[PDB]
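Below: the structure, in structure tokens.
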Amino acid sequence: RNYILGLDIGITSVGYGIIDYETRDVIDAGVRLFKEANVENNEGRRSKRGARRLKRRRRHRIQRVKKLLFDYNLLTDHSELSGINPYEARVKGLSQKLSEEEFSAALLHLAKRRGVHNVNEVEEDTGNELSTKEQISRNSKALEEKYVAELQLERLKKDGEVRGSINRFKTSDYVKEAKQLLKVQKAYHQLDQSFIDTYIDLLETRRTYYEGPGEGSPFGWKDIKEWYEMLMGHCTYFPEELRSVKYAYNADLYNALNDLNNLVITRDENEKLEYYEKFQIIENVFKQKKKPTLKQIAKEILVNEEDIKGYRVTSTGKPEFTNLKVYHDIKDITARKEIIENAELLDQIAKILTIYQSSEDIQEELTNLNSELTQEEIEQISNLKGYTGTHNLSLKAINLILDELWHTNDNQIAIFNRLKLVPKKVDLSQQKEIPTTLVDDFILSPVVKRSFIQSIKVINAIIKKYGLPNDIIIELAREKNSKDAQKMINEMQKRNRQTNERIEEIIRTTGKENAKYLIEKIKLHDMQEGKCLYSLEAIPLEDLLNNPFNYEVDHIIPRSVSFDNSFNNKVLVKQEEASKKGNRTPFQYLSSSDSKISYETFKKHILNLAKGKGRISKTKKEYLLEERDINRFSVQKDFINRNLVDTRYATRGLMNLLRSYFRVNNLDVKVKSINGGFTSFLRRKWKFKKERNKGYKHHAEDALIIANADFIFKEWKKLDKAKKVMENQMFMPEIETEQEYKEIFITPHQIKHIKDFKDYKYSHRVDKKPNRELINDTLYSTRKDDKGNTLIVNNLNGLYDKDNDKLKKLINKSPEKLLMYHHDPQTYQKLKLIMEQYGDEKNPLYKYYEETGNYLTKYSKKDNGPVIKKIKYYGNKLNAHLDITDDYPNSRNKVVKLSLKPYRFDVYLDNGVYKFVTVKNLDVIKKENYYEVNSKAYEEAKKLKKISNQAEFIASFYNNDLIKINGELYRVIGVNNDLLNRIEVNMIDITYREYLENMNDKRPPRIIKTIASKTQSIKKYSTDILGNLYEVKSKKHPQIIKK
RNA sequence: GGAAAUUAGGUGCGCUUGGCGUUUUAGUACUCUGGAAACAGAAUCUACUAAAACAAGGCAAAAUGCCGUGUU
DNA sequence: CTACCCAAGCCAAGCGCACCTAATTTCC
DNA sequence: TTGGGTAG
Ligand code: NA
Ligand code: NA
Ligand code: NA
Ligand code: NA
């Protein structure tokens, strides 16, 4: 039939509501669910990618230093340098002789940790933060008379350690020390100047941001030109043309001419500047003064400033005129007419200055110009600052209309329109459905991008199954992400705690239990300092408590135009003032005779109220002092745009995409958005359950409410004015009072259909991506007990943190797990003493150090033992793991990584018994065009699971795939335990965590299913994006993945 | 609403580095044994320093070498 | 099996371009 | 939230 589509677009969900356009009965409703596309995910990938390069290039630096030492025959395979201490050698080499083994180990150590380059220049007063800027400053002061190696050696002898936060130095300080060392060791070893040059180079050299990665990288570029051209944007009017450099000469001339052509001069002659005038202006004030002032242009044209209007202006109110940057930058170093009067050359100098990023490359590229530039000039030009960014137009666009700017008075947009040049757009005439490719182009957040792409796919599926709707109404989340969302929640709860405490304070003080029924009026009362804002008369709290009906909550701006139901549009006033005011603004009401006070007296009170701590809302101030005319349509448009509709950038982009698609394919579909604040008002007034603990269906419930709102706006003729604005159609009945407003929207008994609806559908996005995180980073050592079991060795760090009770619980439950319990028991007894004395304290080690200022030290008869900074203890028995012991030679024990991230599991039915094979991310291998499962790993896993050749493959299960275990349908999380045949699932219509909360069940909030001989049946289900269920069938395990 | 410009603020993608962190091994300290000491042996607990590995792995051949946790 | 338990790499410094917001001038 | 070992 004819239907209205409502969309609730969220961070992790897209809820849709389908309701009849006439009957207002719900056809269908559901939720599309997916993971939040938060920026930290890709940040993690980029961060790891950067870390790999750092480690790779650091290693490559060392190898080259060693390869250099090999070539000069200071190092051999046979040469042994193990006992040597670099800090001792590096200091000794500064004034004495070193062995070929002792000298090289000093050079190698320097090459490994070479310090920073960029931080160097600027000192920072020490706020005692562990900042690089602060630390570098602190070391420089302490490096005044000493070299780096010297200072480190002193710290080593004096403090016992070198490494840490302090070990941050400038690269120059290392190089300075290296140079001195090489100068002294120069006499004792046969080295040429090529040696000392190559090493210093190797020590200090690092890639630049514009140089990028090496030759192979898909992230790299061939040269600086290709690098910049890829990044820079394209012209608005010529898409094929690259933008001009922001400060090209012709670009700024274009800017200056637009300024002059926008001017209006009041005089007997023409009000617009003639060509000869603009020529004189450009030459006599623009090419003469760096920052042209209004006076200079006025003096040139022989009028006063007051006669000149229509000029760009700064926030101070001072005129802003285009600065000819290149012209003056070059003029200052050279006044030769050969250079300055050459626009083309000035253009080329600007481009070179902007594209390339260092003086040296600038010089070379400037030299390649074969201009009339003196080399002395070129070197001077290369140090010019501020050549960054692009103009929004190409030189092609700029040069084309430059004469027109000179000889007409039309600005750029007037000329472009006259020339029939339209800003580039994307055609959707060919598209069979609403495209998803365009989303990134107009989006800022990764979170919003995914939500939009999913939203579009939801729409495309709905129109395919249901046909086109007349109306699409959309609401977006207030939060940009979940972290931001949680912050909103915290502030909400905190405010609630404050108000709830305030109410308790009143019932204890007055004994009037009525206060819990007057929260909003009390909130207003406290916020308004106990005065009626319209009469400025005092509102005694006792009278408010006893007779609350005498004091009315009035809406500042009438909701007939404001559509604002929030606390910001509410004021507690006397019933008499609220009655007299009617459908007016405070300004309109207080201007009339009906009012007790003048608007000025009112304005004064509000302004003082709006300043200071606990002040009135800023939005409230803007409302209370609204002096525009409410009946003016333009003003009504502003309020609708602020409070009734969603005019945020992301919303506009998506909405325009939909409208553009429909208009081009000539589809009569009306698209609109709605402010979340207004829908919340509806849900509140339509008496929906306050506590949203029903699970995912709330998203579909919201979309139905959103769809119902669209229905209401198309039902009434008084809402036709507002409906028109929401649908953005070009251009009367209207809501006249507060009471009328309530009648139209507060209709709780007309939406029972929504609440009674119980046919919600759910769609969970399935993840099948290969090569995600393969395994946890942490390296673990192992031990073998007397029983023969290999045990994981864990570390206890942060023993002196306040809230760290890990050690206390460990000793009370299992002291024998401490390796220190078996070896060095003297220290254990020393620890146990500390533990027993502060048993009540969460961390006995914290309170100790807090009181003594000293840490637990290893036992020594001389009381000179070392501090204990972390304690090893035995963990669980080793099982599922990654053996990487081979990376560590002659290691007495196994070295492992843990948590083998599963890709999927394949269920087999083997002789009436269900079993499954766990496919790890480690088992999926990449090829140039595709991923494939390791057959040797799969068969091995098949054998370890005792799967037989007779067994038949049932299905594969990825994350969020639907599974029916013994007749109950769940969604797959993943393999929880391969060895114990335990897979983890969750509920489809709700989280299992919340399900237990509703039941007040204290069981662990995780569903673990065991696939064993007691398992009766396993089926694989799936859904469309709308949440419609269906069963699947397959014959063999997919071993090839395309990516 | 759209076009250009000026200032301030913000978001993302990409690049370039720093010092940590985990682990092994070696040396030293610490503990234990013998000894007048030197020193040797044991232990590998705690600490410091150096060398090496750090998503499994895949390329690549003197290289400011390259890829491997994102999206679809 | 149920009902537990544990533990999971991290900060700081540059840079390019794209995009957005707010304010100001003109015009379409 | 999730790999996965543990007590009973
Ligand atoms: Na480009
Ligand atoms: Na620049
Ligand atoms: Na009055
Ligand atoms: Na940025």
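Chain identifiers are assigned as A, B, and so on, following the order in which chains appear in the structure tokens; residues are numbered from 1 within each chain, and ligands are numbered from 1 in order of appearance.
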
Give as a short mmCIF file (atom, residue, chain, number, x, y, z; two decimals) with N, CA, C and O atoms, in the first residue's frame the residues surrounding ligand 1 up to a distance of 8 Å, considering only C-alpha atoms (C1' of nucleotides) and all ligand atoms.
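File produced: result.cif:
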```
data_model
loop_
_atom_site.label_atom_id
_atom_site.label_comp_id
_atom_site.auth_asym_id
_atom_site.auth_seq_id
_atom_site.Cartn_x
_atom_site.Cartn_y
_atom_site.Cartn_z
N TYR A 228 52.41 15.83 -4.32
CA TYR A 228 51.56 16.98 -4.06
C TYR A 228 50.31 16.97 -4.94
O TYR A 228 49.23 17.35 -4.49
N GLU A 229 50.46 16.53 -6.18
CA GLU A 229 49.34 16.51 -7.12
C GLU A 229 48.26 15.51 -6.70
O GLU A 229 47.07 15.72 -6.97
N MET A 230 48.66 14.44 -6.04
CA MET A 230 47.71 13.46 -5.53
C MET A 230 46.88 14.04 -4.39
O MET A 230 45.67 13.83 -4.32
N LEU A 231 47.55 14.79 -3.52
CA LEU A 231 46.89 15.35 -2.34
C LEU A 231 45.99 16.54 -2.67
O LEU A 231 44.87 16.62 -2.17
N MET A 232 46.48 17.45 -3.50
CA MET A 232 45.75 18.69 -3.80
C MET A 232 44.43 18.40 -4.49
O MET A 232 44.28 17.40 -5.19
N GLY A 233 43.46 19.30 -4.29
CA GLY A 233 42.14 19.13 -4.86
C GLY A 233 42.04 19.63 -6.29
O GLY A 233 43.04 20.04 -6.89
N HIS A 234 40.83 19.60 -6.84
CA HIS A 234 40.61 20.04 -8.21
C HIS A 234 39.71 21.27 -8.27
O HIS A 234 38.99 21.57 -7.31
N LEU A 242 43.78 20.78 -11.98
CA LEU A 242 44.23 20.87 -10.60
C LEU A 242 44.11 22.30 -10.11
O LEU A 242 44.26 23.25 -10.88
#
```

With DSSP run on the backbone, what are the strand (DSSP E) residues within range 127-372 of chain A? I'd like them as a list in words. residues 264, 265, 308 and 309 of chain A

What does the file look like for those residues with N, CA and C atoms, as a short mmCIF file (atom, residue, chain, number, x, y, z; two decimals), in the first residue's frame?
```cif
data_model
loop_
_atom_site.label_atom_id
_atom_site.label_comp_id
_atom_site.auth_asym_id
_atom_site.auth_seq_id
_atom_site.Cartn_x
_atom_site.Cartn_y
_atom_site.Cartn_z
N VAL A 264 31.22 49.52 -3.74
CA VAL A 264 30.27 50.51 -4.22
C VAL A 264 30.67 51.89 -3.72
N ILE A 265 30.93 52.81 -4.66
CA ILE A 265 31.36 54.15 -4.30
C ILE A 265 30.24 55.16 -4.53
N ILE A 308 32.81 54.79 0.44
CA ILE A 308 33.17 53.45 0.00
C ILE A 308 32.55 52.38 0.90
N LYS A 309 31.71 51.54 0.31
CA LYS A 309 31.06 50.46 1.05
C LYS A 309 31.21 49.13 0.32
#
```

Considering only C-alpha atoms (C1' of nucleotides) and all ligand atoms, give me a table of residues in chain C that are at most 10 Å from ligand 4, with the closest atom pair and distance in Å for each, as JSON lines.
```
{"residue": "C:15", "atom": "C1'", "partner": "ligand 4", "partner_atom_place_in_ligand_line": "1 (Na)", "distance": 9.8}
{"residue": "C:16", "atom": "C1'", "partner": "ligand 4", "partner_atom_place_in_ligand_line": "1 (Na)", "distance": 9.6}
{"residue": "C:17", "atom": "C1'", "partner": "ligand 4", "partner_atom_place_in_ligand_line": "1 (Na)", "distance": 9.5}
{"residue": "C:18", "atom": "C1'", "partner": "ligand 4", "partner_atom_place_in_ligand_line": "1 (Na)", "distance": 10.0}
```

Please extract the residues at most 7 Å from ligand 3, counting only C-alpha atoms (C1' of nucleotides) and all ligand atoms, and provide them as a PDB file with N, CA and C atoms, in the first residue's frame, using the chain letters and residue numbers of this document.
```
ATOM      1  N   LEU A 590       6.013  42.104  26.975  1.00  0.00           N
ATOM      2  CA  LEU A 590       6.455  43.150  27.892  1.00  0.00           C
ATOM      3  C   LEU A 590       6.462  44.533  27.235  1.00  0.00           C
ATOM      4  N   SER A 591       6.389  44.564  25.909  1.00  0.00           N
ATOM      5  CA  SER A 591       6.260  45.824  25.190  1.00  0.00           C
ATOM      6  C   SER A 591       4.853  46.396  25.356  1.00  0.00           C
ATOM      7  N   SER A 592       3.862  45.514  25.432  1.00  0.00           N
ATOM      8  CA  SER A 592       2.467  45.939  25.547  1.00  0.00           C
ATOM      9  C   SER A 592       2.106  46.435  26.948  1.00  0.00           C
ATOM     10  N   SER A 593       0.873  46.917  27.095  1.00  0.00           N
ATOM     11  CA  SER A 593       0.389  47.458  28.362  1.00  0.00           C
ATOM     12  C   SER A 593       0.004  46.363  29.355  1.00  0.00           C
ATOM     13  N   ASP A 594      -0.207  45.150  28.847  1.00  0.00           N
ATOM     14  CA  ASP A 594      -0.656  44.027  29.669  1.00  0.00           C
ATOM     15  C   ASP A 594       0.351  43.658  30.756  1.00  0.00           C
ATOM     16  N   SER A 595       1.593  44.096  30.574  1.00  0.00           N
ATOM     17  CA  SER A 595       2.702  43.684  31.430  1.00  0.00           C
ATOM     18  C   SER A 595       2.906  44.606  32.626  1.00  0.00           C
ATOM     19  N   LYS A 596       3.364  44.034  33.735  1.00  0.00           N
ATOM     20  CA  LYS A 596       3.663  44.813  34.932  1.00  0.00           C
ATOM     21  C   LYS A 596       4.936  45.633  34.766  1.00  0.00           C
ATOM     22  N   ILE A 597       5.904  45.081  34.041  1.00  0.00           N
ATOM     23  CA  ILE A 597       7.223  45.695  33.942  1.00  0.00           C
ATOM     24  C   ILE A 597       7.599  46.066  32.509  1.00  0.00           C
ATOM     25  N   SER A 598       8.651  46.872  32.375  1.00  0.00           N
ATOM     26  CA  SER A 598       9.189  47.231  31.068  1.00  0.00           C
ATOM     27  C   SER A 598      10.172  46.169  30.587  1.00  0.00           C
ATOM     28  N   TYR A 599      10.353  46.070  29.274  1.00  0.00           N
ATOM     29  CA  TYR A 599      11.259  45.074  28.710  1.00  0.00           C
ATOM     30  C   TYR A 599      12.707  45.368  29.079  1.00  0.00           C
TER      31      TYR A 599
END
```

At most 9 Å from ligand 2 (only C-alpha atoms (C1' of nucleotides) and all ligand atoms): residue list as a ChimeraX atom specification: /A:353-358,385-389 /C:16

Take the residues from that selection and write them out as a PDB file, in the first residue's frame, keeping N, CA and C atoms (P, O5', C5', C4', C3', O3' and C1' of nucleotides).
```pdb
ATOM      1  N   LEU A 353      57.585  27.208  -4.628  1.00  0.00           N
ATOM      2  CA  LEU A 353      57.666  27.486  -3.196  1.00  0.00           C
ATOM      3  C   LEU A 353      56.673  26.674  -2.374  1.00  0.00           C
ATOM      4  N   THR A 354      55.532  26.357  -2.972  1.00  0.00           N
ATOM      5  CA  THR A 354      54.465  25.673  -2.252  1.00  0.00           C
ATOM      6  C   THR A 354      54.586  24.159  -2.371  1.00  0.00           C
ATOM      7  N   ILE A 355      54.828  23.680  -3.585  1.00  0.00           N
ATOM      8  CA  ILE A 355      54.919  22.245  -3.842  1.00  0.00           C
ATOM      9  C   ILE A 355      56.087  21.593  -3.096  1.00  0.00           C
ATOM     10  N   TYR A 356      57.271  22.188  -3.198  1.00  0.00           N
ATOM     11  CA  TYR A 356      58.462  21.624  -2.564  1.00  0.00           C
ATOM     12  C   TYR A 356      58.590  22.156  -1.137  1.00  0.00           C
ATOM     13  N   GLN A 357      59.298  21.422  -0.282  1.00  0.00           N
ATOM     14  CA  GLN A 357      59.179  21.642   1.154  1.00  0.00           C
ATOM     15  C   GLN A 357      60.470  22.023   1.875  1.00  0.00           C
ATOM     16  N   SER A 358      61.566  22.164   1.136  1.00  0.00           N
ATOM     17  CA  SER A 358      62.829  22.579   1.747  1.00  0.00           C
ATOM     18  C   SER A 358      63.630  23.495   0.831  1.00  0.00           C
ATOM     19  N   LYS A 385      58.621  32.211   3.739  1.00  0.00           N
ATOM     20  CA  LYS A 385      57.685  31.449   4.558  1.00  0.00           C
ATOM     21  C   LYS A 385      56.248  31.591   4.056  1.00  0.00           C
ATOM     22  N   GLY A 386      55.388  30.655   4.445  1.00  0.00           N
ATOM     23  CA  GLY A 386      53.953  30.824   4.282  1.00  0.00           C
ATOM     24  C   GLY A 386      53.361  30.344   2.973  1.00  0.00           C
ATOM     25  N   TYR A 387      54.178  29.699   2.147  1.00  0.00           N
ATOM     26  CA  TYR A 387      53.699  29.179   0.873  1.00  0.00           C
ATOM     27  C   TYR A 387      53.147  27.775   1.059  1.00  0.00           C
ATOM     28  N   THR A 388      51.897  27.734   1.510  1.00  0.00           N
ATOM     29  CA  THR A 388      51.231  26.500   1.880  1.00  0.00           C
ATOM     30  C   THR A 388      49.766  26.566   1.466  1.00  0.00           C
ATOM     31  N   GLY A 389      49.231  25.450   0.979  1.00  0.00           N
ATOM     32  CA  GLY A 389      47.815  25.372   0.669  1.00  0.00           C
ATOM     33  C   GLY A 389      47.484  25.665  -0.777  1.00  0.00           C
TER      34      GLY A 389
ATOM     35  P    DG C  16      52.875  21.640   6.480  1.00  0.00           P
ATOM     36  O5'  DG C  16      52.294  20.739   5.299  1.00  0.00           O
ATOM     37  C5'  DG C  16      53.066  20.532   4.120  1.00  0.00           C
ATOM     38  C4'  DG C  16      52.420  19.489   3.229  1.00  0.00           C
ATOM     39  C3'  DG C  16      50.952  19.724   2.921  1.00  0.00           C
ATOM     40  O3'  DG C  16      50.812  20.604   1.818  1.00  0.00           O
ATOM     41  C1'  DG C  16      51.259  17.489   3.600  1.00  0.00           C
TER      42       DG C  16
END
```

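The two atoms in question, CA of residue 629 in chain A and CA of residue 554 in chain A, are spaced 19.0 Å apart.
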
Which neighbours of residue 1 in chain C fall inside 12 Å, counting only C-alpha atoms (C1' of nucleotides), when residues of the same chain fewer than 6 positions from it are skipped, and could you give them as a PyMOL selection string? (chain A and resi 980-982+1008-1015) or (chain D and resi 8)

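Between CA of residue 993 in chain A and CA of residue 963 in chain A the separation is 18.9 Å.
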
Taking only C-alpha atoms (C1' of nucleotides) into account, report as a list in words which residues of chain C lie within 8 Å of chain A. residues 3, 4, 8, 9, 12, 13, 14, 15, 16, 17, 18, 19, 20, 23, 24, 25, 26, 27 and 28 of chain C

Writer output for current selection, N, CA and C atoms (P, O5', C5', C4', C3', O3' and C1' of nucleotides), as a compact mmCIF listing (two decimals), in the first residue's frame:
```
# COMPACT_ATOMS: atom_id res chain seq x y z
P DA C 3 24.90 -21.98 36.34
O5' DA C 3 26.22 -21.42 37.03
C5' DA C 3 26.80 -22.12 38.11
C4' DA C 3 28.17 -21.56 38.45
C3' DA C 3 28.29 -20.03 38.37
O3' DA C 3 29.00 -19.55 39.49
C1' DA C 3 29.99 -21.02 37.11
P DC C 4 29.08 -17.98 39.81
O5' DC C 4 30.15 -17.42 38.75
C5' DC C 4 31.34 -16.81 39.20
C4' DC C 4 32.50 -17.79 39.17
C3' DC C 4 33.86 -17.15 38.98
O3' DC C 4 34.38 -16.76 40.24
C1' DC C 4 33.64 -19.13 37.64
P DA C 8 48.05 -9.21 30.10
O5' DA C 8 47.75 -8.71 28.61
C5' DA C 8 47.68 -9.65 27.55
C4' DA C 8 46.65 -9.22 26.52
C3' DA C 8 46.78 -7.78 26.04
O3' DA C 8 46.78 -7.73 24.61
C1' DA C 8 44.55 -8.22 26.74
P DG C 9 48.17 -7.73 23.80
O5' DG C 9 48.91 -6.40 24.30
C5' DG C 9 48.64 -5.16 23.66
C4' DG C 9 49.21 -4.01 24.46
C3' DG C 9 48.75 -2.62 24.00
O3' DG C 9 48.30 -1.86 25.11
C1' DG C 9 51.11 -2.70 24.16
P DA C 12 51.13 11.96 25.57
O5' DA C 12 52.62 12.13 26.11
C5' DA C 12 53.29 13.36 25.93
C4' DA C 12 54.34 13.27 24.83
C3' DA C 12 54.06 14.09 23.60
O3' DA C 12 54.28 15.50 23.85
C1' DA C 12 55.16 12.03 23.07
P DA C 13 55.75 16.13 24.05
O5' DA C 13 56.36 16.21 22.58
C5' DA C 13 55.59 16.76 21.53
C4' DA C 13 56.35 16.66 20.22
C3' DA C 13 55.64 17.25 19.02
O3' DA C 13 55.85 18.66 18.97
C1' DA C 13 56.70 15.18 18.47
P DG C 14 54.85 19.59 18.14
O5' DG C 14 55.57 19.76 16.73
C5' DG C 14 55.15 18.99 15.63
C4' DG C 14 56.24 18.92 14.60
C3' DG C 14 55.75 19.05 13.16
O3' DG C 14 56.01 20.35 12.69
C1' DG C 14 56.81 16.95 13.47
P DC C 15 54.84 21.24 12.04
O5' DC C 15 54.63 20.60 10.58
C5' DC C 15 55.75 20.44 9.72
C4' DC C 15 55.41 19.52 8.57
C3' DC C 15 54.06 19.77 7.93
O3' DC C 15 54.17 20.82 6.97
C1' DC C 15 54.39 17.43 8.26
P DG C 16 52.87 21.64 6.48
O5' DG C 16 52.29 20.74 5.30
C5' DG C 16 53.07 20.53 4.12
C4' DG C 16 52.42 19.49 3.23
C3' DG C 16 50.95 19.72 2.92
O3' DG C 16 50.81 20.60 1.82
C1' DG C 16 51.26 17.49 3.60
P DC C 17 49.67 21.74 1.85
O5' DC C 17 48.35 20.98 1.33
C5' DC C 17 48.30 20.40 0.04
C4' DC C 17 47.33 19.23 0.01
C3' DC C 17 45.88 19.56 0.32
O3' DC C 17 45.22 20.05 -0.86
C1' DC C 17 46.53 17.62 1.52
P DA C 18 43.86 20.90 -0.74
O5' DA C 18 42.77 19.84 -0.26
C5' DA C 18 42.39 18.78 -1.13
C4' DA C 18 41.41 17.85 -0.44
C3' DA C 18 40.25 18.54 0.24
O3' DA C 18 39.22 18.82 -0.70
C1' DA C 18 41.18 16.95 1.71
P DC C 19 38.31 20.13 -0.49
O5' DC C 19 37.43 19.78 0.81
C5' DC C 19 36.49 18.71 0.76
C4' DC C 19 36.01 18.33 2.15
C3' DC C 19 35.39 19.46 2.95
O3' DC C 19 34.05 19.66 2.55
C1' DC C 19 36.87 18.22 4.32
P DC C 20 33.38 21.11 2.74
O5' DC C 20 33.05 21.19 4.30
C5' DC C 20 32.16 20.23 4.87
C4' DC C 20 32.20 20.30 6.39
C3' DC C 20 31.87 21.65 6.98
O3' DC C 20 30.47 21.80 7.08
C1' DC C 20 33.79 20.74 8.05
P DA C 23 27.73 32.44 12.34
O5' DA C 23 28.68 33.70 12.09
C5' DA C 23 29.06 34.53 13.18
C4' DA C 23 30.28 35.37 12.82
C3' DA C 23 30.16 36.19 11.56
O3' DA C 23 29.45 37.40 11.82
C1' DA C 23 32.28 35.13 11.64
P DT C 24 28.50 38.03 10.69
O5' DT C 24 29.52 38.71 9.66
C5' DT C 24 30.30 39.83 10.06
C4' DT C 24 31.28 40.22 8.97
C3' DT C 24 30.69 40.39 7.58
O3' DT C 24 30.13 41.69 7.45
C1' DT C 24 32.70 39.14 7.46
P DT C 25 28.97 41.96 6.37
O5' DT C 25 29.73 41.96 4.97
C5' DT C 25 30.53 43.07 4.60
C4' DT C 25 31.08 42.90 3.19
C3' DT C 25 30.04 42.57 2.14
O3' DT C 25 29.44 43.75 1.64
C1' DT C 25 31.94 41.14 1.91
P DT C 26 27.95 43.71 1.04
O5' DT C 26 28.13 42.98 -0.38
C5' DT C 26 28.64 43.71 -1.49
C4' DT C 26 29.15 42.76 -2.57
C3' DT C 26 28.07 42.05 -3.36
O3' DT C 26 27.67 42.87 -4.46
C1' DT C 26 29.83 40.53 -2.75
P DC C 27 26.14 42.88 -4.96
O5' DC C 27 26.01 41.52 -5.81
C5' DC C 27 26.84 41.31 -6.95
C4' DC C 27 26.83 39.85 -7.37
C3' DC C 27 25.48 39.31 -7.86
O3' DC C 27 25.64 38.69 -9.13
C1' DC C 27 26.41 37.87 -6.22
P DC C 28 24.34 38.27 -9.99
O5' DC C 28 24.09 36.74 -9.60
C5' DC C 28 24.85 35.71 -10.22
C4' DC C 28 24.26 34.34 -9.92
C3' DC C 28 22.76 34.20 -10.20
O3' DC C 28 22.50 33.00 -10.91
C1' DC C 28 23.24 33.52 -7.98
```

Within 8 Å of chain A, which residues of chain B are there when counting only C-alpha atoms (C1' of nucleotides)? Please give them as a PyMOL selection string. chain B and resi 3-7+11-12+14-20+22-27+30-31+43+45-56+64-67+69-70

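Selecting chain A residues within 8 Å of chain D and counting only C-alpha atoms (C1' of nucleotides) yields residues 876, 877, 899, 900, 901, 976 and 977 of chain A.
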